[PDB]
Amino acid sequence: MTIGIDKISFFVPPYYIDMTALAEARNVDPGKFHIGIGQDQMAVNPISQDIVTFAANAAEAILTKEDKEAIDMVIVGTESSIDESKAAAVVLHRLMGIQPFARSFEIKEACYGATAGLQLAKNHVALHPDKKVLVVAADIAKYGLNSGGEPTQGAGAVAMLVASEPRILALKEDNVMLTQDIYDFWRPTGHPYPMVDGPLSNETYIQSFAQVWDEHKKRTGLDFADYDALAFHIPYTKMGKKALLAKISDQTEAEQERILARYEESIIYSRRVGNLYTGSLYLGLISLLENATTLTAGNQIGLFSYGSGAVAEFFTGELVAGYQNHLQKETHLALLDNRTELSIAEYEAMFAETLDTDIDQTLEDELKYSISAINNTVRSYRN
């Protein structure tokens, strides 16, 4: 029995700011964002939209009644939580109408959370093939106006229906994971914005990939030639390209052109969204599935998942025969095309606004699953 991703979909807010507008507002050369970071459009979200808002819309795009009855585990991976005790997965479970006898919880490990949930979900289904697990990555990435990280900001969520005899991606058991206590990025309790050691984040991300890849090659003998495509967690485009470059230098010129071509295909939707933290890698994978014209059934996909602090893991997935018929390109393309472009002024009004959870209030937002009210610090959602 094969196990893996049966359905996948992402969701992003109805708002975005174009990088050239940002460059100009920050008195720099449009090129620095388009050509340095490798970013074009950033996702922007108002206070009435949180991780439940995204996780709910994303999963609502792939769940059927039969899925609601088979799912016995819901997992949310995020490093943008709203409660320190109650898991957002409990509210996702209610809003999605999933049957009651299920286990729900949140997993926290920087941008690596959703990968953890997915592998644990793979194990669960492998042991109970009739059951399914909903693994959703949801995050909001803010660094601060005029911040060093500002151009790498993003927001959204990616939902995965994990089952046996999957229709899109059958996961293998070649996992190589690594844990290292490094303070490249962190956020002490109480800190709205993360603490960032930029250079350390850079080196650690590039090195973690090297170490994990080498071990995997050492344990499985598989090299770049053996992979049709590679999907990466990335805080921004140019980063995964630098990590990719550093490792493929000794491959043939043609082999390098092929791997980079495929990397470029994996970051199409990301260049229009930004960092989704836990869902970054998954957004890359969705991209590869919907935009990569030369992939086909049977091809091998390498996945490098990273989490600051730092955790990292490399694993493989195989294209399932007929996968091309169970994607959501369209809804994904409409989703992106239909967003409203905020001017820098609008964008800043939206970014700086706070949601004071202690104050009772009502919020208006047309988006389904967005926050409708707050009473005694409890959020209500507009379903």
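In this text, residue numbers run from 1 along the sequence as written.
Comparing 174 to 182 with 114 to 122, the stretch with the higher mean C-alpha B-factor in the PDB entry is 174 to 182.
Taking only CA atoms, the mean B-factor in the PDB entry is higher for 239 to 247 than for the other of 239 to 247 and 131 to 139.
If you compare the C-alpha temperature factors of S305, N202, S270, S81 in the entry, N202 comes out highest.
Out of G156, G284, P192, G274, the entry records its largest CA B-factor for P192. Sorting the modelled residues of the chain by their CA temperature factor places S48 in the middle third. Among the modelled residues of its chain, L230 has a C-alpha B-factor that falls in the lowest third according to the deposited record.
When the modelled residues of the chain are ordered by C-alpha B-factor, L333 sits in the middle third.
Per the PDB record, residue ranking by Cα B-factor puts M19 in the middle third of the chain. Sorting the modelled residues of the chain by their CA temperature factor places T362 in the highest third.
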